[PDB]
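One chain follows as structure tokens, the form solved without guanosine (GMP).
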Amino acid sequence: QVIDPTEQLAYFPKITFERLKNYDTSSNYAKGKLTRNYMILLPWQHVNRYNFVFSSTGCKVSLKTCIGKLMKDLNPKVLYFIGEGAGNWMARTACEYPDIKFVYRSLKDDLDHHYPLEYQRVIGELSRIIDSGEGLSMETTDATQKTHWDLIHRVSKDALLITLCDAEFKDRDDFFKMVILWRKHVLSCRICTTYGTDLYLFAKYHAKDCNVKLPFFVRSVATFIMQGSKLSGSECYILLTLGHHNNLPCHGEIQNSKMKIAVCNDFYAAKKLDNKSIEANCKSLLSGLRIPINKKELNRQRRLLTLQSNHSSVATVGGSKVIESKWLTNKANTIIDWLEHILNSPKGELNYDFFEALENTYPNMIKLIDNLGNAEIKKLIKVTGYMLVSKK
């Protein structure tokens, strides 16, 4: 009925990152490029995320790990989370800082979560979310709109000391709209102006270009490259504050940092296994999948399929075909074939070198990525990651 947040923090994996402090001029080194082309098609950054269901941003980013000193120095009573979705990042934060209250905002588009479903699952009550965006319109929940920032203080009368943004914007102009509006607020708003200029915005950014200037009076303090970000892209987290503007992180600097982590570092597994979560992810991937996943359980799911496939097409009206239902068995077979491959495969360390091995030792790789959808593949990697951790 009542849980302690500190005990839940063992279900969250250790985070590996790289901080790139924004200094004056340059190193004048003309440093070499590090490249490694991993032959991977699957989202392997979900390998250590088996203990989470709706959102798993907390497995990738953490405030204690990245901006711990700033958290101690500023000592915020309230944290503002924008573009939060199911709120797993906010959930990890609630476990690391058990006395902090939250103001949550997420776009009310009804395509993605606009309620903290993961936070509720991890924390239990939602009592610490003093403002959950309830009763707000689609534009007052959209960080690219002035009205969102105008109603941010409707419950909390604490200044925007630290704002966390994990929104995926359409384009960089939409990101700039958010950053400009944040600046406009922290310099207009009575509450925030009273605190001063020591106000921060820690936002997700995709380093596309080079030498792109931040808006006027918006200075980047540091850039964080996370091990948990999709290898393929150029995603990073940038800590911004008020001050003489500088440049956004460049695609080149990000790639080297991103590459070093992939080549050098292993993914840390969670200290404890949340068996209810793993069960939910297993059932979400394949309906009726039980833990532990072994030869017996995989053959039991194959038995359940072989007896299910032999069903005579009898109903009232021909609306849902058995030939159409054979596509659901096709997906199920694809899943079992992969999990069987994982089970038969040797134990290794959680790294992209071993992941490339797992993928290039599997014959129906292209049939897998063609048959399973993006969310299904993410679920498949959560389950795979559990299987690999369970080994030896």
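Quick note: we count residues from 1 along the sequence shown, nothing fancier. C-alpha atoms forming the largest set that superposes within 1.5 Å between two forms make up the rigid core. Shifts are known only where both forms have a C-alpha.
We do not show the form deposited with guanosine (GMP) bound, though everything after this point is about it.
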- Message: Heavy atoms within 4.5 Å of guanosine (GMP) in the deposited complex: which stretch in 47-55, 34-42, 355-363, 334-342 meets that?
- Response: 47-55
- Query: Is the gap between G228 and guanosine (GMP) in the deposited complex 4.5 Å or less for some heavy atom pair?
  - Reply: yes
- Message: Rigid core aligned, does the Cα position of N374 differ by 2 Å or more between the shown form and the other one?
- Response: no
- Displaced residue check between the shown form and the other one: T35, CA, 2 Å or over, core reference: no
- With the core lined up, does the C-alpha of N344 move 2 Å or more between the shown form and the other one? no
- Query: After a core superposition, which runs of 3 or more consecutive residues shift by at least 2 Å in C-alpha position between the shown form and the other one?
  - Reply: 24-29
